[PDB]
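For reference, the structure discussed in these notes is given below.
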């Protein structure tokens, strides 16, 4: 009765190509053009953040083969910086970053799925909120019922989005078959273009969170990252090239959802395929996220930080049912929220903050415990290059949003009351302890769940 | 900390809990299908776009 290893190479590849590719490539590629004001420059801006993300991902193949604890960067932080730094990450992951990104991506599924029923005008808001919740519930039910099912669904929609991107790419090639201008030289333009590109590729670090369910980590994990990010970079460059076969610079910058505007121009009749497959592209991403989310919080309760109810696996199904319930509930609560998209904007840097701290931690680990096995070692300087480049592309985020990161840095302090109350207190209030126990056994009986055989 | 693997199964196998868990799974699926039918209601009842 323990989480069984089930993730083959293909399912690891499906997870990481699944969660990277996103909506971004279909409905926000213009984020590069707005700052990189020439199409011949926009294609090299995508290649640059391609190779930058690759060297980042290699560093995570190192972390994930040097430390095999399967928390993702939460466990990587804890193994170097100890309890409280890792907790201040995990509290923000639980309360904000993992749920609000799930809810946003579910809503992007809802909108672009329903778009063909409302081609010219905004979709019914009251329906979109509901169809988001229908998706987040169903994929929680699947991942609660079976890991084999979860990974088969991820396989299916990781396929489905590449299938969509292939259609976009080949229509670009058809258009070329029929048959640097204006470039911004300025550092103050192109640096913000590059940063605006990394919001697309963000999602590569998500495979590290399932090192414990990976079948053969030392072989499969470094291979999955080598297999995926070149495929992604290639697909990004080719797909953005395909748009430049069809649309002008101005036309793209004023377009609402560029894959749909391209889709209309090429298909005409049946163009609704592209809205639908933009929907399916997101249907896959929510699954990949819920899976990953549940395993983060499951390591959170293993390390004794979160309440031990979340460690309790289903004994016949081998799925972390309480963690998936927690993941789902915290996601659905974002369905209340007002004017939501810029609330997340002040945490957009925080992903990079954690990656930076983790690779700095890997470099400290390379001298504090030099004797560890390390089946993968990269060049001494490659992490240092990547840290320096990451710190530069952290620094711009504060400059871009200084009062909002004033809220961002305020909200991480939420963890300090929680840490002293939950992690650290030495269990003084006996009348509350017997209630915690009572609630815990109730949940165990009610869900039929038990601790991990370890 | 919580209740050990074997001790839980001495209680949670009782017909009261089994009936309860059966009812919960079933009413969860009914509730979700209720959302699904609700969504179709909203979609059909809402006005279509002004055409070009």
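Would you please classify the overall shape of region A:1-98 from the alpha carbon gyration tensor, given that a ≥ b ≥ c denote the square roots of the eigenvalues, rounded means a/c under 1.5, and beyond that prolate means a/b larger than b/c while oblate covers the rest?
prolate
Quick check on packing: order A:282-293, A:388-399, A:31-42 by the mean number of other C-beta atoms within 10 Å, highest mean leading. Kindly include the intermediate steps, with their values, before the conclusion.
Details: A:282-293: 26.7, A:388-399: 15.2, A:31-42: 19.9.
Going by the mean number of other Cβ atoms within 10 Å, highest first, we get A:282-293, A:31-42, A:388-399.
Can you give the translational diffusion coefficient of region A:49-130 in µm²/s, computed by Stokes-Einstein from the Kirkwood radius over Cα pairs at 10 °C and 1.306 mPa s?
The calculation lands on 100 µm²/s.
At a 10 Å Cβ-Cβ cut-off, how would you order A:26, A:346, fewest neighbours first?
By the 10 Å Cβ count, ascending, the order reads A:346, A:26.
Does anything in region A:190-222 have its amide N under 18 Å from the 7 Å Cα→Cβ label point of residue A:38, and if so which residues?
Zone members listed by number: A:190-194.
Could you pull out which residues in region A:283-314 have an amide N less than 19 Å from a spot 7 Å beyond the Cα of residue A:427, following the Cα-Cβ vector?
Once the point is set 7 Å along Cα→Cβ of residue A:427, A:301-312 turn out to lie under 19 Å by backbone N, inside region A:283-314.
Counting other beta carbons within 10 Å of each residue's own, what order do A:250, A:93 fall into, fewest first?
In order of increasing Cβ crowding within 10 Å: A:250, A:93.
When a footprinting reagent is the concern and you count Cβ atoms within 10 Å, what order do A:347, A:409 take, fewest first?
Starting with the residue having the fewest Cβ neighbours, the order is A:409, A:347.
Per the Debye formula with a single identical scatterer at each Cα and no solvent contribution, what log10 I(q)/I(0) holds for region A:336-436 at q = 0.11 Å⁻¹?
Values, matching the q order: -0.60.
Say each of residue A:178 and residue A:420 gets a label point 7 Å from the Cα, pointing the same way as Cα to Cβ; how far apart are those two points in nm?
According to this spin-label approximation, the distance is 6.7 nm.
For residue A:68, put the label point 7 Å out on the Cα→Cβ axis and report which residues of region A:376-412 keep their amide N under 16 Å from it.
Of the residues in region A:376-412, A:376-377 have backbone N under 16 Å from the label point off residue A:68.
Over the whole of B:2-11, what's the average partner chain Cβ count within 10 Å per residue? Rounded to a whole number, please.
Across B:2-11, the average partner-chain Cβ count within 10 Å equals 6.
log₁₀ I(q)/I(0) of chain B at q = 0.14, 0.22, 0.27 Å⁻¹, via Debye over equal Cα point scatterers, no solvent, to two decimals?
-0.61, -0.86, -0.98
At 222 nm, what helix-only mean residue ellipticity would chain A give, in deg cm²/dmol to the nearest 500, using -39500 (n - 2.57) for each DSSP H run of four or more?
Per the formula, -22500 deg cm²/dmol.
Say each of residue B:1 and residue B:36 gets a label point 7 Å from the Cα, pointing the same way as Cα to Cβ; how far apart are those two points in nm?
So the two model labels end up 4.4 nm from each other.
For region A:350-390, just run the numbers: alpha carbon Rg, then divide by 2.2 N^0.38 Å, N being how many residues it has.
1.19
In vacuo Debye scattering of region A:51-98, one point per C-alpha: log10 I(q)/I(0) at q = 0.15, 0.16, 0.26, 0.32 Å⁻¹?
-0.45, -0.51, -0.95, -1.04
Just subtract the alpha-carbon distance of residue A:446 and residue A:412 from 0.36 nm times their residue separation and send over the number in nm, one decimal.
8.9 nm
What is the Cα coordinate range of chain A on the first, second and third principal axes, sorted by size from largest, in whole angstrom?
The principal-axis extents, from largest down, are 75, 50, 44 Å.
From the convex hull of the Cα coordinates of region A:126-266, what is the mean projected area in square nanometres?
One quarter of the hull surface, i.e. the mean projection, equals 12.6 nm².
In whole Å, what are the Cα extents of region A:243-317 along the three principal axes, biggest one first?
55, 28, 16
Roughly how far apart, in whole Å, are the Cα centres of region A:1-71 and region A:272-315?
What the calculation gives is 17 Å, centre to centre.
Give the whole-number value, in cubic angstrom per residue, of the convex hull volume spanned by the C-alpha atoms of region A:408-454.
Convex hull of Cα atoms, per residue: 146 Å³.
Using the beta-carbon distance between residue A:434 and residue A:368 and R0 = 41 Å, what value does 1/(1 + (r/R0)^6) give for FRET efficiency, to the nearest 0.05?
For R0 = 41 Å, the calculated efficiency reads 0.45.
All Cβ positions, even for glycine, are placed from backbone atoms using ideal geometry, and neighbour counts span all protein chains on display. Readers should treat all values here as calculations from the given coordinates under stated rules, not as data from a laboratory.
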